[PDB]
Amino acid sequence: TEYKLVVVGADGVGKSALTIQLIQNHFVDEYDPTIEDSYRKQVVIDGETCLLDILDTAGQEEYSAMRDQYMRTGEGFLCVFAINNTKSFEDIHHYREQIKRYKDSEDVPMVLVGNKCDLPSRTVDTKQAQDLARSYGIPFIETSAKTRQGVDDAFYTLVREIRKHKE
Ligand SMILES: Nc1nc2c(ncn2[C@@H]2O[C@H](COP(=O)(O)OP(=O)(O)O)[C@@H](O)[C@H]2O)c(=O)[nH]1
Ligand SMILES: [Mg+2]
């Protein structure tokens, strides 16, 4: 089993910090906001040895075979906003709508991620995000790429969402 995961969201929410934290177990001070790269790691999720294939999107809006491939053939999607960034949360609808267009489905496995929960500058409330994920029928996970809180949980929950879609 090998799960193909796509990390989407507005620029600056921490998509690249979340990915590097999962794969490389550390918080990167700086990561080129224009770099869009694919990352694989073997992990054990719920006693299940599997390989994760993660595309860290940059939102280049350019001709990419790999990115249009991961959007089409990617089986799960992390929808990431920042809890200190109201706009990125208002942006979540555009990203979910775009995913449903690439997959031809209502029920694509997805997770809503609220990153940077270590910050006190909170503009998006837990209930506000919980109440949106409720409408989509997807899970909501609170993360911080800096402290690693919820990083494994977010990525592993998405895999578990993928598992219930095969059944
Ligand atoms: N405090 C805090 N800062 C974060 C977190 N995640 C990302 N950042 C910062 O947010 C900025 C943008 O993050 P980045 O991963 O490049 O976002 P991307 O554009 O979506 O790829 C960087 O300066 C990071 O240091 C977090 O969980 N907590
Ligand atoms: Mg990035």
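Just so you know, the numbers here start at 1 and follow the chain as drawn.
We read in the header that X-ray crystallography, 1.8 Å was used to get this structure.
In case you wondered, yes, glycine gets a Cβ from its N, Cα and C as well.
According to Swiss-Prot, the feature (Microbial infection) O-linked (Glc) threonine maps to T34, an assignment based on experimental evidence. When secondary structure is read from DSSP and collapsed to three states, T34 ((Microbial infection) O-linked (Glc) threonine) falls in the coil class.
What Swiss-Prot records for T1 is N-acetylthreonine, and it gives experimental evidence as the kind of evidence. In the shown protein chains, 11 other C-beta atoms lie within 10 A of the C-beta of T1 (N-acetylthreonine).
The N6-acetyllysine annotation in Swiss-Prot covers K103 and rests on experimental evidence. In the three-state DSSP classification, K103 (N6-acetyllysine) falls within a helix. Around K103 (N6-acetyllysine), taking its Cβ as the centre, 18 other Cβ atoms fall within 10 Å, counting all chains.
With a threshold of 8 Å between CB atoms, the same-chain residues lying at least 6 positions outside the motif 'Effector region' (31-39) that come near it are 11-12, 16-17, 19-20, 23, 52-58, 60, 64, 66-67, 70. Look at Swiss-Prot and you will find 31-39 tagged as motif 'Effector region'.
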Between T34 ((Microbial infection) O-linked (Glc) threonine) and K103 (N6-acetyllysine), how far is it from one CA atom to the other, in Å?
25
Just counting, how many other CB atoms are there within 10 A of the CB of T34 ((Microbial infection) O-linked (Glc) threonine)?
9
